[PDB]
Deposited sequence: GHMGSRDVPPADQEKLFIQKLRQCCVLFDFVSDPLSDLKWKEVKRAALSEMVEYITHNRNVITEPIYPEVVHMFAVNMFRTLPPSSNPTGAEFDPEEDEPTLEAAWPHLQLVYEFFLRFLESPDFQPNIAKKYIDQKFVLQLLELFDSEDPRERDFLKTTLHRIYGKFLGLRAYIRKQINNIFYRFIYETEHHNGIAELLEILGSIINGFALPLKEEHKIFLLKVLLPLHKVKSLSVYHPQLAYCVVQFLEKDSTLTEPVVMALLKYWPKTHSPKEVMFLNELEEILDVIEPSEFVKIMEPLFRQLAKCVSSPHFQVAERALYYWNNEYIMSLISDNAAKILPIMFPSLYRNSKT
């Protein structure tokens, strides 16, 4: 009975309407739909044992009909926000059984969900980020396919001309994945760190997703510290050869790497690091030099410097020291 009304209101929200010559009836309909959604958000959030098997296709269908749309070059956000909200509470519910939902949340669904990441609305990409993070976490049989399709988006962003507004949100999800990796890093993961994450520093629009990219690179080094050398050497490779404020970005990422670096791995790249660091101190741009000089306010770096002053000091101040 109450299950029947749930399905009714769900299907009721599958009706897209428009009144070209009746703005008053249009507001009534949008209010009814907004109300029904809010009622269902409150319903599945604070009630237990309400998510029965027959409603699973009803929810996924309601989400698909509303969200899987053809993106413009939104305005109806009060409705879209509720749909995202409702679907999230649905996924996060303790009554949620992925073994039943895997029938309806498949690869095509995940694929269409990723299309929406190209949205220009920061609010929407945030909901999508959370939603895809839930699906990856509760659907073990989708994890492999999701990583594959995200890897494709990056490859088309770096190499191909395909720009993407959701690069940051995707990296934020990836950081959540990397942090929970197994003990020995799979070869595909190491390749991903090197063939994908590092060339992401090459793209011109780095400013948008660099904080998220830096976190991913750091998390990779927190797992396997064997990867510290090819990462650092790559950052020095992709380093802005021309003195520009973009160096501040790299200096920030480079200090965050040094915070979690192994002393034995530090010495493997301490020379080409401080050669570049010396150039930054000598930069015509004050902001770059100011940022590089801030390295000395880091206690752990000092320990690495002091215990390696025989190799570092000649590079930083060649006027005062010799090798």
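- Unmodelled regions of the deposited chain sequence (numbering from residue 1, in sequence order): 1-11, 85-102, 353-355.
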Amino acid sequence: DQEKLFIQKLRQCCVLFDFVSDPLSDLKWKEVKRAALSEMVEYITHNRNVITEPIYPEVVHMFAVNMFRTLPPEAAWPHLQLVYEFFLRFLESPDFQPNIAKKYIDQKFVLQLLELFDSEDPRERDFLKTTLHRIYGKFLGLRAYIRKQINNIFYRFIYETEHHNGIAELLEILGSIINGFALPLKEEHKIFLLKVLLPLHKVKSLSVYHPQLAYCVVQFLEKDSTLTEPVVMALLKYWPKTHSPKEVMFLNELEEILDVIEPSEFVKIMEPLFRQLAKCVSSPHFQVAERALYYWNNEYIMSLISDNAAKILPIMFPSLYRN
From here on, numbers count along this sequence of modelled residues.
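Just so we're on the same page, rigid core means the largest C-alpha set that superposes within 1.5 Å between forms.
- In a rigid core superposition of the other structures in 7 other deposited structures of this protein, 48-56 and 286-294 differ in how far their CA atoms stray, and the farther one is 286-294.
- Comparing 161-169 with 148-156 by root mean square Cα distance to the shown form in 7 other deposited structures of this protein, with the rigid core used for the fit, gives 161-169 as the more displaced stretch.
- With 149-157 and 125-133 compared on mean CA B-factor from the PDB entry, the stretch scoring higher is 149-157.
- Here 307-315 and 7-15 are compared by their mean Cα B-factor, and 307-315 comes out higher.
- By the numbers in the PDB entry, the CA B factor is greatest at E265 among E265, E31, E39, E256.
- When the C-alpha B-factors of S119, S225, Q112, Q212 are ranked from the entry, the top spot goes to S225.
- In this PDB entry, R143 carries a Cα temperature factor that places it within the lowest third of its chain's modelled residues.
- Remark: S283 belongs to the middle third of its chain, ranked by C-alpha B-factor as recorded.
- Per the deposited record, the Cα B-factor of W239 falls in the middle third when ranked against the other modelled residues of its chain.
- Sort the chain's modelled residues by C-alpha temperature factor and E162 lands in the highest third, per the entry.
- Among all modelled residues in this chain, the alpha-carbon of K190 has a temperature factor (C-alpha) in the highest third.
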